[PDB]
C-alpha cells in the first residue's frame, strides 16, 4: 500500500507540504490540527490538485491523533511561536519551552500507540530541543527521528552564493551544522561550487571574503529579513522538509544535513545536533562527522551548549 504521511500542524508550512506531496505523488496525506474545520478546508482544496498533477493521493483533514494509525512518516510543525495571547504580558522566547514540551509529550504518546514504526521529522522550534523531547516521549529508534535544520539553512547559503557566481543554485554545496537558529555553524572551509572549493573563486576574485561574510550574515538572519518585509518563511521550509521525507520514502540515500542524536560525534553525547547524515529506507543510515578544526569545534560547542541551556528549561 501507498505511504501515509501525517502532517501534525496544518498552518502555512503544512499547507505547502500537502501541495508538494500531491505534486510529487508521494503518499496519502492527513492534515492535522487542533484548530477545528480549517484542516478540512485545506485538505479539500488541495485534493483537487490531483487532477492537474496527474496524481492519486488522498488528502484529508483531521482533528484527532487517532489518525496517526498506519502513518509512514509524521511531520511535526505545530507549536507555539510567539506570545499566545494579548494577556501574556512580558514573555520571551524561553517561555515557550514548557508549552511545546507539553505538545511533544502528547504527540509522542500517540506515536507510541499508533505508529511506533513511523519515520518522524520535527520542525517545531527550537528544533534541536524539540526533536530530542519527541524522541524521548515517542520511544522511536534514534535512526527513525530527525530535526529540520541544515537543508533549509544551507539552501539559503547555496542560493545567495549562486547568485554572486552565476551558477545553478544547487551546484553550490555548503555545510551548516550544530544547531538551527542564531548559533548555526557556517563552515566556510566546506563550501564548493560544482565540486570545486570556494577558495579557488575567491582567488580569482570572483567573490571576496567580505562579500562571503556578508552572505553568512544574511543567511543567519534570513527568517528575520523576510518577516521584516511583511511576509513569512514557509515555502522554503516546506520544500526542505519534503526533500528529507522523499529521500526516506524513495530510499535515495541522499546526504542531507539534519538535527540527529549524537552518540559522541564532535565529542558530544545524549543531545541532538545538526550534522550531514545519509537518509534512506532505513532512516538515518549514516551519521557523518565532519573533521572540524579547533575554531570550528569551538563554534559547534557553543551551538550545543545553547541547545542544552534550552533543553533544561523545557
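Positions refer to the first chain, counted from 1.
Relative to its counterpart among 302-310 and 16-24, 302-310 has the higher mean temperature factor, C-alpha atoms as listed in the PDB entry. Looking at mean Cα B-factors across 213-221 and 236-244, the upper value is held by 213-221. Going by the entry's values, 92 shows the largest Cα B-factor out of 155, 92, 77, 192. The PDB entry gives the largest Cα B-factor of the residues 252, 51, 277, 69 to 69. In the PDB entry, residue 271 places in the middle third of its chain by CA B-factor. Remark: residue 29 belongs to the lowest third of its chain, ranked by C-alpha B-factor as recorded.
When the CA B factors of the chain's modelled residues are split into thirds, the value for residue 143 lands in the middle one. When the CA B factors of the chain's modelled residues are split into thirds, the value for residue 42 lands in the lowest one.
Sort the chain's modelled residues by C-alpha temperature factor and residue 197 lands in the lowest third, per the entry.
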